Undergrad: 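First the structure, which I've put down as structure tokens, then a few questions once you've had a look.
Each chain gets a letter, A, B and so on, in the order its sequence line appears, and its residues count up from 1. Each ligand, and each atom within it, is numbered from 1 in the order the structure gives. The basis for the numbers below is simple: all heavy atoms, side chains too, and nothing from hydrogens, waters or symmetry mates.
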Protein chains: 4
Amino acid sequence: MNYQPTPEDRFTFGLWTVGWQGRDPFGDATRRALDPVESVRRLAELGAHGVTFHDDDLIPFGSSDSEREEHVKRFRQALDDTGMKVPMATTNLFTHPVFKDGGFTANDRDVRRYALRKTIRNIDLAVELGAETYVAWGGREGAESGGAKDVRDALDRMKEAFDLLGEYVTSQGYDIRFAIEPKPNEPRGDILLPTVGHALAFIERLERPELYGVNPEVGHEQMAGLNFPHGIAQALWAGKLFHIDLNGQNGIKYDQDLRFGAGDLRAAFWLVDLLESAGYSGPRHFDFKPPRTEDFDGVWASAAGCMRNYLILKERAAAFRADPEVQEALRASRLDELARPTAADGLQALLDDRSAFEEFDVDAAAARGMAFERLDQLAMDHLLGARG
Amino acid sequence: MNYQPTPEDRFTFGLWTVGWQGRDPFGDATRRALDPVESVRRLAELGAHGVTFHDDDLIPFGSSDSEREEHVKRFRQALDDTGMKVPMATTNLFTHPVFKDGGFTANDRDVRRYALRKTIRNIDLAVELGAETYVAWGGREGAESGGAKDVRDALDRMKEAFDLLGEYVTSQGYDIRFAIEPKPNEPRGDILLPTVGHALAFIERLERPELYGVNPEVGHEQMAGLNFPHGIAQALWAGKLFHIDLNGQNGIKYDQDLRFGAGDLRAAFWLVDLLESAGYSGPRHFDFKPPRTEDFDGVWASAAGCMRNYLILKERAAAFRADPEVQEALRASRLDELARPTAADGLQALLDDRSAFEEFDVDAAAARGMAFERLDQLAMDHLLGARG
Amino acid sequence: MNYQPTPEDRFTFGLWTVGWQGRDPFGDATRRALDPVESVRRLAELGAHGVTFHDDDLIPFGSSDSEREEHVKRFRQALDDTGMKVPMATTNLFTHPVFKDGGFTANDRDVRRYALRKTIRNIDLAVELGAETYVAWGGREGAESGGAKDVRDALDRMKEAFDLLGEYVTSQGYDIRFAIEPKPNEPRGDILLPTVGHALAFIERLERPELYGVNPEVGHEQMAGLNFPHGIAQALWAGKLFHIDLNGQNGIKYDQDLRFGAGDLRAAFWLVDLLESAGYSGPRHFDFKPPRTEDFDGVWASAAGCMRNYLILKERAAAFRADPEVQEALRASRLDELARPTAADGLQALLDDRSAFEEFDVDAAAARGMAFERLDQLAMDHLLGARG
Amino acid sequence: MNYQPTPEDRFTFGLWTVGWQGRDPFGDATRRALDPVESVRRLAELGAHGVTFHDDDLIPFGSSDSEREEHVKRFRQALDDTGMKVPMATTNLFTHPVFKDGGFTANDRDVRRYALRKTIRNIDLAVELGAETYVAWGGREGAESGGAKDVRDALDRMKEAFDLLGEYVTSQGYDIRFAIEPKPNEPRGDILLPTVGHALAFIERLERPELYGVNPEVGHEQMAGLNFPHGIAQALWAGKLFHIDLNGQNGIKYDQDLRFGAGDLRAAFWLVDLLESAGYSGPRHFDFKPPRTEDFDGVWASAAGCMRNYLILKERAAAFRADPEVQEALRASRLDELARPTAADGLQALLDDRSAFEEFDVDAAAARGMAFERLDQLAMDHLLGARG
Ligand SMILES: O=C[C@H](O)[C@@H](O)[C@H](O)[C@H](O)CO
Ligand SMILES: O=C[C@H](O)[C@@H](O)[C@H](O)[C@H](O)CO
Ligand SMILES: O=C[C@H](O)[C@@H](O)[C@H](O)[C@H](O)CO
Ligand SMILES: O=C[C@H](O)[C@@H](O)[C@H](O)[C@H](O)CO
Ligand code: NI
Ligand code: NI
Ligand code: NI
Ligand code: NI
Ligand code: NI
Ligand code: NI
Ligand code: NI
Ligand code: NI
Ligand code: NI
Ligand code: NI
Ligand code: NI
Ligand code: NI
């Protein structure tokens, strides 16, 4: 058995992932900066499909228009030389001190206007490079204290910002869609739109909701102790899973951004099972950080491992679903009945149906076991490659 | 200073709260059952406005229609004797073994039909008793293992159930609205619609979304480490805060249902500040459990304490907002600017505004402190009654 | 490959595990009670080595001495018929309402004396049945509120209790040792001695510390977000791992007591690697609850799964450690150097060693990568059976 | 009422607290560096008693011996000019890349020797400046992955390091004691000795345990969801609370290091009640970070707020304990009985006492309420200044 990725697998990486220098709240960088061109070349050799970027990853903050041109031309030549694509781009609205209280929901109105202009400039670049999805992660939108932020006013400002961006894209005729990335905390004590559900709910209040979806991240939902596969199922159900960020997280703590497959391994299995069975056709993007213990050889090993673990889990989930014994166990647990309508006969027939209440034998129904443990141990056996 | 509740304060309690007998996963009951009539009389003496119930709290499961009538008539006489109201009712779809895999999203179709009929029977009773809000808490909707529940099918079943209930209420001409109560886990390993955001998002996919809102509970959002006042602000912003359950919780662990004001005290302060400043006019319902250490005197003390703590926090939040020094601090932290539109001049003027980008002095903007710590210490001083 | 347990594998189960009837805080029992004799017979057929019990699991609370004798004689005949052993016993100091504020640290002195007498009666029974370890889980020792419990006085009472029990065992000449089981919360809002570390520290203050060790449980340390294998390593290092409770837990929430291998699968792998490589020779006891969704066939499937998952992980950890490629990776990550003393040359030589400071090349040392990601992906490949 | 600190209150601050420049994992510094001399002068004006430092806070890493002398002389003159003391010092073994896998438990032996020499050099400086306590926070001791660190070998290395430091202090004749600061995670995925209990247990295995205690931090124990006042009570009980770090934390997430009194306010109240009633006489040290939203005026406001909140809580806890109504409630809840020995009559008398078992009326005992809710609402009323 081998597990070699190809560009057809649609694995993508942000420049800032393999390029993370290892600075953390208590420590200096342990690695030198990587030239974006170098990252594109090394990722292509590993079998990746493409790369993503923030404006400031590619073009140093404050660059002159002439240096901006220079940086883009070099990057484009690396893309041309390798066949790598750029399916997604995003804005850095979190590193510079001016964004210390947010971009779109900063209390200072002049900062909010700057945040919008900085974003618009980079959407134009994203379209030129062929990106299909524009992600927004409002990492500084939030608060450490209750009085600092009126959240209803902040949501008004957030909606105003996304509605303006939607007006821009539509007036320019661009074919690009937005994806909001929720995170519950870090770096702010609480971040607005903290989970996939809060982001989905907010989108329905935008003027053109069809332009907006979610970009959920494995470790972010897990920082609130939530079930990531469940949240992804709700996003799919809503038609809003436009992009996804894959990584690993060990529980409720700071966001670790481990390589995919690390952290909660069984959650990773059920996530791959769901993406592949739902036909998700977007990029499989890794937003991870090679630990600062590693040198560059460990960076590339960690990146390769992201893709390897996806492909092992894909094989195991497919084997699980194709196993006749598992298909019989699913019927034993009545997953087939869950897919059937409760009352396609309609309200009135339900009200007239004595077998649904007057003559329903509750004790007999209650005695039926669900057979979930046998089903879950077949899933475990498939994940560990222990079938016999 | 005293803090005496009156029925005008709209404090309400579920029968199951003060009536909790103290059974927990590791222990037997420590208190005898309370007759509902006794609870209504004692709560009225404490100054409560009304009570709420599950079907099975008032009418013992499996009761004959003749005993059902008897139980309702006794309850109604206690309401008439005390002036207590019944603003909300709900269904027990979680205690009986038949609901072990859920009510509306049980894999067994016959159970789902029974769950709907049991619910409909109690909506009719709720309307007769004058309830305005019908809560649904899907405590058994969820899973302990990944294969047991296809969440997209489960969401289809959940939507089908709520759409049928909406058809029923509208065809009967009832003036009642539904409120979905999210909870992330317990008793299932993960529960569907785990937070206020996931519930808000789901409602927008119902056929008649205007009939449905949320009933958030303090401790439930805190079991996912989320900021309850923030989630309530999002519900208010959406127009969907139809009801609220107040209690206390110490962090991420089993749901404790302590009396209101226990658990996270500063969160309780910012919650009351927000409800009172937004003009929330619904019931202030306490869904709490007097600890099983207590006898009945401690039950009534714990219930009184719920109301007392609300009224102390209400006084402190009002004093905070009325203090001229705090009003000046809010302007210093630019909360006034947060309430102003970012770009009422419109997209095109924003794009043409050189002061928003080309000539924006980012360093000067970044140097301005937000003054949030001085503001937060004024809030602390007001909460502790330490102003001078 | 198969994974058949035998009594030589030392797998043991509490009567209360497979016998759990499915009562939870929000629901009635879903299964009938099991006769202890039936459980012993079914577990022996599955390949278990033995069973454990609380006093009240075997002998109904309040039984007459004549009924006590009857229950023990029946149990003993089932042990004789099956070859099953009883390596551990414990006391129920948590279910009866009299223990609502604790057993050994209840505020009421008469309750504390009763708790000690109830415990002593069952140690005598435990020795008669051949138990080697006596577990104490102080599930009701703790508080919901700060004023209810002076923790220094409570620790005095806890120490007094364990010192008396040590005096009893030694004066009777019994060969039995005690194991304290920590848990951070549930059913009390905070429980005393909440983690393995707090229990280890407390033992060192007992009069005869050599008689006391720890009985850590996978899900309990994980309810505080701690690394269970790390805590077990500290207990081994201290010589205090007398017993262990195996199960699974999905993060920080109520204690789920899933079957072993469920919950955090990678933690389960590193736990088995450590127990087997340290030569832990005590029972592998499962303290788990078959989910209340299951009928008795699912109970036995869940129990079998506990043992199966241990044996799969044992095989994978052994293959990992025996792989020459992994042995080379461990040297590359300098695990061999971690095992060597830092300064066996002594203090004075260290102070005189210029290469340790004056002439130490910090930049060269800092540039060396630790190669941990390659090592961790070999571990992942071994766990998933993906080596090539 | 005012709340003015004086040096007699023993409030102390690390140079790195008010000096934090605002760098976080996602953002650049928002404030310029502070000269240590400036911090000492401003803190003295606010009423602080003293300051603490890491070696590298005072003397820039890699400084020449001549620049080292210069930096110390300037600092000493600021201490002389202000009357400020230096009660505690510590080593930075976490910022430089050479410590990326730890100091005392790094896999590379040469790094471990360097870590010890760097520490010893700073103990000599600490004694010269009059420090009484030397803190060790092993922030890089730990792992992101299971194979990277054999924890038994790591604990051997940790013990070897602390034993060498104890030999050094004793051979030099220094009057200084060590305090180990536990933290469960951040910056490593799991840190060794993650809680107060694990640190206390480890100390008992050192060669000279009397030289070592703990320096617990409010937010660190709360990052594992533990009860900080309870952990402090266990440290006091053991005689090991040598120092304490005060700050605030909102639950289980990244360590926020908010000002003291922020985060869990009721926990702060019970902490002050316990320190003051136990007679803790060491420094009240604040290890906090003024949020990066603030300018220098907000830094000093945040620092002042630390001290103010301690003094308000001290007043409220004292009023609580002195209130005759609270003293009566404590007797009603039998706190007086908790302080009495369970069995000072001895084992044999307990075994012969029929009232402790044979004739103990369990039902009567179980019916007695503990009256904890009335007690807790008196505590709440005192905290909020609502007594009447
Ligand atoms: O923790 C933060 C986020 O995961 C971040 O990396 C976003 O993914 C990226 O900035 C948005 O495009
Ligand atoms: O933990 C559970 C819920 O809080 C529950 O009490 C709901 O509030 C009530 O059953 C719905 O009406
Ligand atoms: O959650 C609780 C504990 O795990 C419990 O089952 C103890 O293991 C047993 O009662 C002690 O012997
Ligand atoms: O999060 C980290 C710690 O709290 C740290 O500040 C220690 O207190 C100090 O470095 C030890 O002296
Ligand atoms: Ni992220
Ligand atoms: Ni992340
Ligand atoms: Ni991301
Ligand atoms: Ni609840
Ligand atoms: Ni609750
Ligand atoms: Ni509720
Ligand atoms: Ni347990
Ligand atoms: Ni457990
Ligand atoms: Ni256990
Ligand atoms: Ni800290
Ligand atoms: Ni901290
Ligand atoms: Ni600290």
Undergrad: State plainly whether the residues C:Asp24 and B:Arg140 are in salt-bridge range, i.e. N to O under 4.0 Å.
TA: yes
Undergrad: Determine whether the side chain, the backbone, both or neither of B:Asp245 has a heavy atom under 4.0 Å from any heavy atom of ligand 2.
TA: side chain
Undergrad: Please classify the A:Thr52 to ligand 1 contact at 4.0 Å (heavy-atom distances, strictly less than): side chain, backbone, both or neither.
TA: neither
Undergrad: Going by heavy-atom distance to atom 3 (C) of ligand 2, choose the closest among B:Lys289, B:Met223, B:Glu181.
TA: B:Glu181
Undergrad: Could you tell me whether the side chains of D:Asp255 and A:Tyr254 share a donor-acceptor contact shorter than 3.5 Å?
TA: no
Undergrad: Can you give me the OE2-the Ni ion (ligand 14)-NE2 angle for D:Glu217 and D:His220, to 10°?
TA: 80°
Undergrad: Quick one: look at A:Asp255 and ligand 1, take heavy-atom pairs under 4.0 Å, and tell me if it's side chain, backbone, both or neither.
TA: side chain
Undergrad: Do ligand 1 and A:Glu217 have nitrogen or oxygen atoms that lie under 3.5 Å from each other?
TA: yes
Undergrad: A:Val135 heavy atoms, cut-off 4.0 Å: which ligand 1 atoms fall inside?
TA: 11 (C), 12 (O)
Undergrad: Flag A:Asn215 as yes when one of its N or O atoms lies below 3.5 Å from any N or O atom of ligand 1, and as no otherwise.
TA: no
Undergrad: Please report which non-hydrogen protein atom sits nearest to atom 10 (O) of ligand 1, along with the residue it belongs to and the distance in Å to one decimal place.
TA: A:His54 NE2, 2.7 Å
Undergrad: In the protein, which heavy atom is nearest to atom 1 (O) of ligand 2, and how far is it?
TA: B:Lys183 NZ, 2.9 Å
Undergrad: Nearest protein heavy-atom contact for atom 5 (C) of ligand 1: which residue, which atom, what distance?
TA: A:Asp287 OD2, 3.4 Å
Undergrad: Between the side chains of D:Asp245 and D:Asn215, does any donor sit under 3.5 Å from an acceptor?
TA: yes
Undergrad: Can you check whether B:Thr90 has an N/O within less than 3.5 Å of an N/O in ligand 2?
TA: yes
Undergrad: Which of the numbered atoms in ligand 2 are below 4.0 angstrom from a heavy atom of B:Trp16?
TA: 6 (O)
